[PDB]
Every structure is written in C-alpha cells, then in structure tokens.
C-alpha cells in the first residue's frame, strides 16, 4: 500500500460515525412550514395561528413537487394551521394522512405572552420558553415519529416532520451539543433539514435547504 488503504479505511470509519453507508438508518426530513405572514397585517383570522398565504400555498406546491419522487413513510406536523396545511400538500402525494403532535409547536414567544417582540443581539436567547425545554420536547416528538413509522421494505425509511423555525433550530443545535446562537441560522420557509437516525444515535445530516424556491420569483 502507498497510503491509499489507510486513507480508505479512515474514510469508511468517519462515514460510519455519521451514519453514512450504515444499514438500518432511518431519516427524518424536518420541514419548516410555508409562508403565513404575507398579508398578516390585514388578516381577519387568528394572527398567531394563520392559514398559509397565497405565497405560502405556492411555496408548499413547490415543496410537494420536490418531494413527489422521494419515498416517505409518515408525515407528522404540529397543530398549527400553517404546519398542517404545508404537511397536507406533501402527504397527499404519498398516500398518507397527516398526523399531529403538538410537541412540535413553535417555541413560546413574547407575542404569546402579550409582550412586544424584541430584536435581540446575536447570541441572546429571545424567547420565554427555555431552550432546554424546547430541545427536550422536540427530541421526544421526533423520536416518537420515528418509532411510529414501520420500517419500509424498500430503501431508507423516511418520516417527514413539519414544524417551526426556532424549535427546529434548537433541536438541531441540541443534537450537536450547541446552544442558541452557535448554529447561527434561520431556516427558510419550506426548507428541508435531514436527520439520520439509528437506535440512540441521531445525526444532523443537512440543514435549511430551500433550493426548490430558486427557480420561482
């Protein structure tokens, strides 16, 4: 060997650590709901629990078309109308009913508590619901969605979970032992983030991809 053998063996071991090329790995496709805030200032419904906007329906259509060829074996959503509506667009193309877990709800906000929203500096946690509590309920909800999905006989078992920006960012940061502000990202509306799961190991595979929106105005 000229060094390529150890290179290949180390590469294999690194991949295995991150659940690449490992049998028995399932995937969770974490999806942020579609737009529900264009026109919110004039909305006659509950502004904290709005339906999708016209723009959001278009984003959900682009997301559903992106996922049409992806095998999906379950679809879960929070109880929020904007998540349910986004999930319905995906689930219909895969012959699945949307299932609901309120543990997927967005972090409780100042607005929920009647206090004005506040722009915080980077690194400063902006929500009244503690990060640790959000991380725990999100991890429990995602573990339950995985456990609820019977293994598919073809390929990778995959469950879609439609939720909310800050709760999803907290979940993914938590899985990397990072706190709020370290994974410094806002997840786009209809973005897809992927976790790889095997027993007790939950690996962040990809984060925040909304590339299906690029060809649309």
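Residue numbers count along the first chain shown, from 1.
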query: Mean C-alpha B-factor comparison - 23-31 and 161-169, higher one; finding: 23-31
query: Mean C-alpha temperature factor, higher of 67-75 and 115-123; finding: 115-123
query: Identity of residue with top Cα B-factor, from 89, 107, 138, 98; finding: 89
query: Candidate set 62, 176, 187, 52 [ranked by C-alpha B-factor, highest]; finding: 176
query: Residue 132 - Cα temperature factor, lowest/middle/highest third of chain; finding: highest
query: Ranked against its chain, the third holding the CA B-factor of residue 81; finding: middle
query: Chain-relative CA temperature factor third for residue 192; finding: lowest
query: Residue 152 by Cα B-factor - lowest, middle or highest third of the modelled chain; finding: middle
query: Modelled-residue ranking by C-alpha temperature factor, third containing residue 45; finding: highest
